[PDB]
Amino acid sequence: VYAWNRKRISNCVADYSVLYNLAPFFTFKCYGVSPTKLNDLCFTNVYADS
Amino acid sequence: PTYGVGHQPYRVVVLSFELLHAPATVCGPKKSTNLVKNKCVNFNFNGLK
Amino acid sequence: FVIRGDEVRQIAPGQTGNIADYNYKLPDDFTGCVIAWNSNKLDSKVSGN
Amino acid sequence: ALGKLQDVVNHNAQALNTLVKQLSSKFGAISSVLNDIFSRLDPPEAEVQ
């Protein structure tokens, strides 16, 4: 929580299916979107952070 | 190695997206069809439904 | 029906997964109750049930 | 001179220009386009916004 490893993704066909078969308890909780319709849309720039 | 569940570590990754009408680059896996010129149809150009 | 532990959260009306999409899916109108409990005392045997 | 007959035209014109501006003004939702709210939400919650 002291350093944010922010890494934006570039132009690609991001398939939201690898996160399904992730580590145990792979809950896909969202706060404004829905995972059911979070794979059929395009994104300007997605920012990742661990 | 055997810490209590109340104080176990959690690896959490958030994916903040930009849900805007800007020209997007990170699209989802889908298919593509042909284009009609003078036929009223349902379009989904770059997310715009 | 009998499922695992981390898959009980998919019995709610509307969810993704493997059992909530191809094994047993509930509509988004279910006005009822879901009852589940740990059955590892009599439904878990040696070398796999 | 022809202001009393032009004000009724402007009143019937400024009243229609406010409906086309309130059409793209969110009244407590995530966006103003109805085709985008149903595109990134679930009907459990999509019917709320």
# chains A, B, ... in the order shown; residues from 1 in each chain; ligands from 1
call {"tool": "interface_residues", "arguments": {"of": "chain D", "to": "chain A", "cutoff": "7 Å", "atoms": "only C-alpha atoms", "output": "number ranges by chain"}}
result
D: 39-42
call {"tool": "write_last_selection", "arguments": {"atoms": "N, CA, C and O atoms", "output": "PDB file, in the first residue's frame"}}
result
ATOM      1  N   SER D  39     -25.849  -1.474 -21.070  1.00  0.00           N
ATOM      2  CA  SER D  39     -24.711  -2.125 -21.708  1.00  0.00           C
ATOM      3  C   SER D  39     -23.595  -2.435 -20.714  1.00  0.00           C
ATOM      4  O   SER D  39     -22.673  -3.191 -21.028  1.00  0.00           O
ATOM      5  N   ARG D  40     -23.660  -1.857 -19.515  1.00  0.00           N
ATOM      6  CA  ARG D  40     -22.633  -2.106 -18.511  1.00  0.00           C
ATOM      7  C   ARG D  40     -23.230  -2.253 -17.116  1.00  0.00           C
ATOM      8  O   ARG D  40     -22.593  -1.887 -16.124  1.00  0.00           O
ATOM      9  N   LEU D  41     -24.444  -2.785 -17.026  1.00  0.00           N
ATOM     10  CA  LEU D  41     -25.090  -3.022 -15.739  1.00  0.00           C
ATOM     11  C   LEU D  41     -25.882  -4.322 -15.832  1.00  0.00           C
ATOM     12  O   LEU D  41     -26.057  -4.886 -16.918  1.00  0.00           O
ATOM     13  N   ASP D  42     -26.365  -4.796 -14.685  1.00  0.00           N
ATOM     14  CA  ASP D  42     -27.184  -5.990 -14.606  1.00  0.00           C
ATOM     15  C   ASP D  42     -28.628  -5.615 -14.299  1.00  0.00           C
ATOM     16  O   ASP D  42     -28.871  -4.674 -13.534  1.00  0.00           O
TER      17      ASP D  42
END
call {"tool": "select_by_dssp", "arguments": {"residues": "chain D", "states": "alpha helix (DSSP H)", "output": "PyMOL selection string"}}
result
chain D and resi 4-22+34-37+43-46
call {"tool": "write_last_selection", "arguments": {"atoms": "N, CA and C atoms", "output": "PDB file, in the first residue's frame"}}
result
ATOM      1  N   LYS D   4     -45.195  41.129 -29.703  1.00  0.00           N
ATOM      2  CA  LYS D   4     -46.176  40.321 -28.986  1.00  0.00           C
ATOM      3  C   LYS D   4     -46.474  39.022 -29.722  1.00  0.00           C
ATOM      4  N   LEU D   5     -46.385  39.028 -31.049  1.00  0.00           N
ATOM      5  CA  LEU D   5     -46.574  37.825 -31.848  1.00  0.00           C
ATOM      6  C   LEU D   5     -45.283  37.043 -32.043  1.00  0.00           C
ATOM      7  N   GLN D   6     -44.131  37.647 -31.752  1.00  0.00           N
ATOM      8  CA  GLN D   6     -42.859  36.940 -31.778  1.00  0.00           C
ATOM      9  C   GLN D   6     -42.487  36.337 -30.433  1.00  0.00           C
ATOM     10  N   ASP D   7     -43.036  36.860 -29.334  1.00  0.00           N
ATOM     11  CA  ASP D   7     -42.745  36.293 -28.023  1.00  0.00           C
ATOM     12  C   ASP D   7     -43.438  34.952 -27.829  1.00  0.00           C
ATOM     13  N   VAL D   8     -44.631  34.781 -28.404  1.00  0.00           N
ATOM     14  CA  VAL D   8     -45.323  33.500 -28.301  1.00  0.00           C
ATOM     15  C   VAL D   8     -44.603  32.439 -29.125  1.00  0.00           C
ATOM     16  N   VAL D   9     -43.919  32.852 -30.192  1.00  0.00           N
ATOM     17  CA  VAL D   9     -43.127  31.907 -30.972  1.00  0.00           C
ATOM     18  C   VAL D   9     -41.847  31.552 -30.229  1.00  0.00           C
ATOM     19  N   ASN D  10     -41.230  32.536 -29.571  1.00  0.00           N
ATOM     20  CA  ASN D  10     -40.026  32.262 -28.793  1.00  0.00           C
ATOM     21  C   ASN D  10     -40.339  31.453 -27.541  1.00  0.00           C
ATOM     22  N   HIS D  11     -41.503  31.683 -26.926  1.00  0.00           N
ATOM     23  CA  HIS D  11     -41.891  30.889 -25.765  1.00  0.00           C
ATOM     24  C   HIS D  11     -42.130  29.435 -26.150  1.00  0.00           C
ATOM     25  N   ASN D  12     -42.748  29.200 -27.304  1.00  0.00           N
ATOM     26  CA  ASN D  12     -42.935  27.850 -27.817  1.00  0.00           C
ATOM     27  C   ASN D  12     -41.661  27.268 -28.412  1.00  0.00           C
ATOM     28  N   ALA D  13     -40.620  28.080 -28.576  1.00  0.00           N
ATOM     29  CA  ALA D  13     -39.318  27.606 -29.022  1.00  0.00           C
ATOM     30  C   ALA D  13     -38.336  27.380 -27.886  1.00  0.00           C
ATOM     31  N   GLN D  14     -38.344  28.230 -26.858  1.00  0.00           N
ATOM     32  CA  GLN D  14     -37.489  28.005 -25.700  1.00  0.00           C
ATOM     33  C   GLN D  14     -37.996  26.873 -24.818  1.00  0.00           C
ATOM     34  N   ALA D  15     -39.283  26.540 -24.904  1.00  0.00           N
ATOM     35  CA  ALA D  15     -39.832  25.414 -24.161  1.00  0.00           C
ATOM     36  C   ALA D  15     -39.480  24.073 -24.784  1.00  0.00           C
ATOM     37  N   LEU D  16     -39.264  24.027 -26.096  1.00  0.00           N
ATOM     38  CA  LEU D  16     -38.834  22.816 -26.777  1.00  0.00           C
ATOM     39  C   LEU D  16     -37.324  22.638 -26.760  1.00  0.00           C
ATOM     40  N   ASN D  17     -36.564  23.725 -26.612  1.00  0.00           N
ATOM     41  CA  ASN D  17     -35.117  23.634 -26.475  1.00  0.00           C
ATOM     42  C   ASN D  17     -34.677  23.217 -25.080  1.00  0.00           C
ATOM     43  N   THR D  18     -35.553  23.326 -24.083  1.00  0.00           N
ATOM     44  CA  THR D  18     -35.249  22.828 -22.749  1.00  0.00           C
ATOM     45  C   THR D  18     -35.506  21.336 -22.608  1.00  0.00           C
ATOM     46  N   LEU D  19     -36.410  20.776 -23.413  1.00  0.00           N
ATOM     47  CA  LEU D  19     -36.638  19.336 -23.388  1.00  0.00           C
ATOM     48  C   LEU D  19     -35.515  18.574 -24.077  1.00  0.00           C
ATOM     49  N   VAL D  20     -34.910  19.157 -25.116  1.00  0.00           N
ATOM     50  CA  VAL D  20     -33.782  18.508 -25.782  1.00  0.00           C
ATOM     51  C   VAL D  20     -32.484  18.657 -25.007  1.00  0.00           C
ATOM     52  N   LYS D  21     -32.412  19.608 -24.076  1.00  0.00           N
ATOM     53  CA  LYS D  21     -31.264  19.731 -23.186  1.00  0.00           C
ATOM     54  C   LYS D  21     -31.394  18.876 -21.936  1.00  0.00           C
ATOM     55  N   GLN D  22     -32.605  18.732 -21.398  1.00  0.00           N
ATOM     56  CA  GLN D  22     -32.837  17.833 -20.277  1.00  0.00           C
ATOM     57  C   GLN D  22     -32.793  16.367 -20.682  1.00  0.00           C
ATOM     58  N   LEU D  34     -29.448   5.907 -22.686  1.00  0.00           N
ATOM     59  CA  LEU D  34     -30.099   4.706 -22.173  1.00  0.00           C
ATOM     60  C   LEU D  34     -29.481   3.438 -22.748  1.00  0.00           C
ATOM     61  N   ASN D  35     -28.823   3.539 -23.901  1.00  0.00           N
ATOM     62  CA  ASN D  35     -28.201   2.387 -24.537  1.00  0.00           C
ATOM     63  C   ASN D  35     -26.831   2.055 -23.959  1.00  0.00           C
ATOM     64  N   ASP D  36     -26.347   2.836 -22.994  1.00  0.00           N
ATOM     65  CA  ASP D  36     -25.065   2.559 -22.360  1.00  0.00           C
ATOM     66  C   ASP D  36     -25.273   2.048 -20.940  1.00  0.00           C
ATOM     67  N   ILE D  37     -26.367   2.469 -20.303  1.00  0.00           N
ATOM     68  CA  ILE D  37     -26.677   1.980 -18.964  1.00  0.00           C
ATOM     69  C   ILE D  37     -27.022   0.496 -19.008  1.00  0.00           C
ATOM     70  N   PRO D  43     -29.598  -6.318 -14.878  1.00  0.00           N
ATOM     71  CA  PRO D  43     -31.014  -5.949 -14.699  1.00  0.00           C
ATOM     72  C   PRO D  43     -31.422  -5.881 -13.235  1.00  0.00           C
ATOM     73  N   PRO D  44     -30.824  -6.701 -12.334  1.00  0.00           N
ATOM     74  CA  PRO D  44     -31.013  -6.441 -10.898  1.00  0.00           C
ATOM     75  C   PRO D  44     -30.751  -4.994 -10.510  1.00  0.00           C
ATOM     76  N   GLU D  45     -29.664  -4.415 -11.025  1.00  0.00           N
ATOM     77  CA  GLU D  45     -29.306  -3.047 -10.672  1.00  0.00           C
ATOM     78  C   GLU D  45     -29.584  -2.053 -11.792  1.00  0.00           C
ATOM     79  N   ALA D  46     -29.675  -2.516 -13.042  1.00  0.00           N
ATOM     80  CA  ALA D  46     -29.914  -1.600 -14.154  1.00  0.00           C
ATOM     81  C   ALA D  46     -31.261  -0.900 -14.032  1.00  0.00           C
TER      82      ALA D  46
END
call {"tool": "residues_around", "arguments": {"residues": "region 31-40 of chain B", "least_positions_apart": "4", "cutoff": "12 Å", "atoms": "only C-alpha atoms", "output": "list in words"}}
result
residues 13 and 40 of chain A; 27, 44, 45 and 46 of chain B
call {"tool": "residues_around", "arguments": {"residues": "residue 5 (chain A)", "least_positions_apart": "5", "cutoff": "8 Å", "atoms": "only C-alpha atoms", "output": "number ranges by chain"}}
result
A: 48-50
call {"tool": "write_last_selection", "arguments": {"atoms": "N, CA, C and O atoms", "output": "compact mmCIF listing (two decimals), in the first residue's frame"}}
result
# COMPACT_ATOMS: atom_id res chain seq x y z
N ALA A 48 -4.39 -0.85 -14.61
CA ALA A 48 -4.25 -1.94 -13.65
C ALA A 48 -3.42 -1.49 -12.45
O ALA A 48 -2.54 -0.63 -12.56
N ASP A 49 -3.70 -2.09 -11.30
CA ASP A 49 -2.98 -1.75 -10.08
C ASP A 49 -3.08 -2.87 -9.05
O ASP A 49 -4.18 -3.33 -8.73
N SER A 50 -1.94 -3.32 -8.54
CA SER A 50 -1.87 -4.40 -7.57
C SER A 50 -1.53 -3.84 -6.19
O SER A 50 -0.70 -2.93 -6.06
call {"tool": "atom_distance", "arguments": {"atom1": "CA of residue 43 (chain A)", "atom2": "CA of residue 10 (chain C)"}}
result
27.5 Å
call {"tool": "atom_distance", "arguments": {"atom1": "CA of residue 11 (chain C)", "atom2": "CA of residue 20 (chain A)"}}
result
17.2 Å
call {"tool": "interface_residues", "arguments": {"of": "chain C", "to": "chain D", "cutoff": "12 Å", "atoms": "only C-alpha atoms", "output": "list in words"}}
result
residues 12, 13, 14, 15, 16, 27, 28, 29 and 30 of chain C
call {"tool": "write_last_selection", "arguments": {"atoms": "N, CA and C atoms", "output": "CSV table (one decimal), in the first residue's frame"}}
result
chain,number,residue,atom,x,y,z
C,12,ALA,N,-27.7,-17.7,-6.0
C,12,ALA,CA,-28.5,-16.5,-6.0
C,12,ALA,C,-29.0,-16.1,-7.4
C,13,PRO,N,-30.2,-15.5,-7.5
C,13,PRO,CA,-30.8,-15.2,-8.8
C,13,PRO,C,-29.9,-14.2,-9.6
C,14,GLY,N,-29.2,-14.7,-10.5
C,14,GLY,CA,-28.3,-13.9,-11.4
C,14,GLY,C,-26.9,-14.0,-10.9
C,15,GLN,N,-26.1,-14.8,-11.6
C,15,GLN,CA,-24.6,-15.0,-11.3
C,15,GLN,C,-24.0,-15.7,-12.4
C,16,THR,N,-22.6,-15.5,-12.5
C,16,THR,CA,-21.8,-16.2,-13.5
C,16,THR,C,-21.2,-17.5,-12.9
C,27,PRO,N,-33.9,-17.9,-12.5
C,27,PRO,CA,-34.3,-16.7,-13.1
C,27,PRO,C,-34.1,-15.5,-12.2
C,28,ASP,N,-34.2,-14.3,-12.7
C,28,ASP,CA,-34.2,-13.1,-11.9
C,28,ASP,C,-35.6,-12.7,-11.5
C,29,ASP,N,-36.4,-13.7,-11.0
C,29,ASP,CA,-37.7,-13.4,-10.4
C,29,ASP,C,-37.9,-14.4,-9.2
C,30,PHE,N,-36.9,-15.2,-8.8
C,30,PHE,CA,-37.1,-16.2,-7.8
C,30,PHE,C,-37.4,-15.6,-6.4
call {"tool": "atom_distance", "arguments": {"atom1": "CA of residue 49 (chain B)", "atom2": "CA of residue 23 (chain B)"}}
result
14.7 Å
call {"tool": "interface_residues", "arguments": {"of": "chain B", "to": "chain D", "cutoff": "12 Å", "atoms": "only C-alpha atoms", "output": "ChimeraX atom specification"}}
result
/B:17,19-21,42-44,46-49
call {"tool": "write_last_selection", "arguments": {"atoms": "N, CA and C atoms", "output": "PDB file, in the first residue's frame"}}
result
ATOM      1  N   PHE B  17     -11.488   1.439 -15.418  1.00  0.00           N
ATOM      2  CA  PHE B  17     -11.715   1.671 -16.835  1.00  0.00           C
ATOM      3  C   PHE B  17     -12.204   3.096 -17.060  1.00  0.00           C
ATOM      4  N   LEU B  19     -15.007   4.577 -18.938  1.00  0.00           N
ATOM      5  CA  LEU B  19     -16.287   4.398 -19.624  1.00  0.00           C
ATOM      6  C   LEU B  19     -16.713   5.734 -20.224  1.00  0.00           C
ATOM      7  N   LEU B  20     -16.071   6.088 -21.336  1.00  0.00           N
ATOM      8  CA  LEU B  20     -16.375   7.331 -22.032  1.00  0.00           C
ATOM      9  C   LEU B  20     -16.623   7.070 -23.511  1.00  0.00           C
ATOM     10  N   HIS B  21     -16.944   8.123 -24.263  1.00  0.00           N
ATOM     11  CA  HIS B  21     -17.151   8.014 -25.701  1.00  0.00           C
ATOM     12  C   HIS B  21     -15.900   8.371 -26.494  1.00  0.00           C
ATOM     13  N   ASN B  42     -29.588  -2.445 -36.503  1.00  0.00           N
ATOM     14  CA  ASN B  42     -29.068  -2.194 -35.167  1.00  0.00           C
ATOM     15  C   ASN B  42     -27.550  -2.259 -35.219  1.00  0.00           C
ATOM     16  N   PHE B  43     -26.896  -1.154 -34.869  1.00  0.00           N
ATOM     17  CA  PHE B  43     -25.449  -1.040 -34.951  1.00  0.00           C
ATOM     18  C   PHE B  43     -24.851  -1.022 -33.550  1.00  0.00           C
ATOM     19  N   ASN B  44     -23.583  -1.428 -33.467  1.00  0.00           N
ATOM     20  CA  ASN B  44     -22.848  -1.401 -32.207  1.00  0.00           C
ATOM     21  C   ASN B  44     -21.421  -0.914 -32.448  1.00  0.00           C
ATOM     22  N   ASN B  46     -18.129   0.481 -31.991  1.00  0.00           N
ATOM     23  CA  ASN B  46     -17.210   0.885 -30.927  1.00  0.00           C
ATOM     24  C   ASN B  46     -17.948   1.123 -29.611  1.00  0.00           C
ATOM     25  N   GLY B  47     -18.879   0.221 -29.306  1.00  0.00           N
ATOM     26  CA  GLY B  47     -19.619   0.302 -28.063  1.00  0.00           C
ATOM     27  C   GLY B  47     -20.903   1.099 -28.165  1.00  0.00           C
ATOM     28  N   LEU B  48     -20.960   2.031 -29.115  1.00  0.00           N
ATOM     29  CA  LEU B  48     -22.148   2.856 -29.294  1.00  0.00           C
ATOM     30  C   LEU B  48     -23.291   2.012 -29.842  1.00  0.00           C
ATOM     31  N   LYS B  49     -24.235   1.649 -28.979  1.00  0.00           N
ATOM     32  CA  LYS B  49     -25.366   0.819 -29.367  1.00  0.00           C
ATOM     33  C   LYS B  49     -26.560   1.703 -29.706  1.00  0.00           C
TER      34      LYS B  49
END
call {"tool": "select_by_dssp", "arguments": {"residues": "chain A", "states": "strand (DSSP E or B)", "output": "JSON, numbers by chain"}}
result
{"A": [7, 8, 12, 13, 43, 47, 48, 49]}
call {"tool": "write_last_selection", "arguments": {"atoms": "N, CA, C and O atoms", "output": "mmCIF file, in the first residue's frame"}}
result
data_model
loop_
_atom_site.group_PDB
_atom_site.id
_atom_site.type_symbol
_atom_site.label_atom_id
_atom_site.label_comp_id
_atom_site.auth_asym_id
_atom_site.auth_seq_id
_atom_site.Cartn_x
_atom_site.Cartn_y
_atom_site.Cartn_z
ATOM 1 N N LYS A 7 -0.030 0.064 -14.157
ATOM 2 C CA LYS A 7 0.423 -0.320 -15.491
ATOM 3 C C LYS A 7 -0.792 -0.364 -16.406
ATOM 4 O O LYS A 7 -1.615 -1.279 -16.304
ATOM 5 N N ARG A 8 -0.904 0.619 -17.296
ATOM 6 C CA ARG A 8 -2.013 0.667 -18.236
ATOM 7 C C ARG A 8 -1.790 -0.319 -19.375
ATOM 8 O O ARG A 8 -0.651 -0.603 -19.758
ATOM 9 N N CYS A 12 -5.533 -3.842 -27.534
ATOM 10 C CA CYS A 12 -5.543 -5.298 -27.583
ATOM 11 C C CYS A 12 -6.982 -5.770 -27.423
ATOM 12 O O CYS A 12 -7.864 -5.007 -27.021
ATOM 13 N N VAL A 13 -7.206 -7.043 -27.745
ATOM 14 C CA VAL A 13 -8.499 -7.679 -27.513
ATOM 15 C C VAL A 13 -8.487 -8.335 -26.138
ATOM 16 O O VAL A 13 -8.202 -9.531 -26.009
ATOM 17 N N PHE A 43 -12.761 -0.354 -24.258
ATOM 18 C CA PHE A 43 -12.268 0.550 -23.229
ATOM 19 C C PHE A 43 -11.213 1.474 -23.816
ATOM 20 O O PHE A 43 -10.360 1.041 -24.598
ATOM 21 N N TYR A 47 -6.545 0.926 -16.575
ATOM 22 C CA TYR A 47 -5.429 1.069 -15.651
ATOM 23 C C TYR A 47 -5.458 -0.068 -14.640
ATOM 24 O O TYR A 47 -6.439 -0.228 -13.906
ATOM 25 N N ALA A 48 -4.386 -0.852 -14.606
ATOM 26 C CA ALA A 48 -4.254 -1.937 -13.649
ATOM 27 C C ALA A 48 -3.417 -1.492 -12.453
ATOM 28 O O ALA A 48 -2.538 -0.634 -12.560
ATOM 29 N N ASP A 49 -3.700 -2.091 -11.297
ATOM 30 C CA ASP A 49 -2.982 -1.748 -10.076
ATOM 31 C C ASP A 49 -3.080 -2.873 -9.052
ATOM 32 O O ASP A 49 -4.179 -3.332 -8.727
#
call {"tool": "residues_around", "arguments": {"residues": "residue 2 (chain C)", "least_positions_apart": "3", "cutoff": "10 Å", "atoms": "only C-alpha atoms", "output": "number ranges by chain"}}
result
C: 5, 8, 36-39, 43
call {"tool": "closest_residue", "arguments": {"among": "A:44, A:18, A:9, A:29", "to": "chain B", "atoms": "only C-alpha atoms"}}
result
A:44
call {"tool": "closest_residue", "arguments": {"among": "A:4, A:31, A:14, A:24", "to": "chain B", "atoms": "only C-alpha atoms"}}
result
A:14
call {"tool": "closest_atom_pairs", "arguments": {"of": "chain B", "to": "chain A", "cutoff": "6 Å", "atoms": "only C-alpha atoms", "output": "JSON lines"}}
result
{"residue": "B:13", "atom": "CA", "partner": "A:50", "partner_atom": "CA", "distance": 4.5}
{"residue": "B:14", "atom": "CA", "partner": "A:49", "partner_atom": "CA", "distance": 5.7}
{"residue": "B:15", "atom": "CA", "partner": "A:48", "partner_atom": "CA", "distance": 4.8}
{"residue": "B:16", "atom": "CA", "partner": "A:47", "partner_atom": "CA", "distance": 5.3}
{"residue": "B:17", "atom": "CA", "partner": "A:46", "partner_atom": "CA", "distance": 4.6}
{"residue": "B:18", "atom": "CA", "partner": "A:44", "partner_atom": "CA", "distance": 5.8}
{"residue": "B:24", "atom": "CA", "partner": "A:44", "partner_atom": "CA", "distance": 3.7}
{"residue": "B:25", "atom": "CA", "partner": "A:11", "partner_atom": "CA", "distance": 4.4}
{"residue": "B:26", "atom": "CA", "partner": "A:43", "partner_atom": "CA", "distance": 4.7}
{"residue": "B:27", "atom": "CA", "partner": "A:42", "partner_atom": "CA", "distance": 3.7}
{"residue": "B:28", "atom": "CA", "partner": "A:40", "partner_atom": "CA", "distance": 5.2}
{"residue": "B:29", "atom": "CA", "partner": "A:13", "partner_atom": "CA", "distance": 5.6}
{"residue": "B:47", "atom": "CA", "partner": "A:41", "partner_atom": "CA", "distance": 5.7}
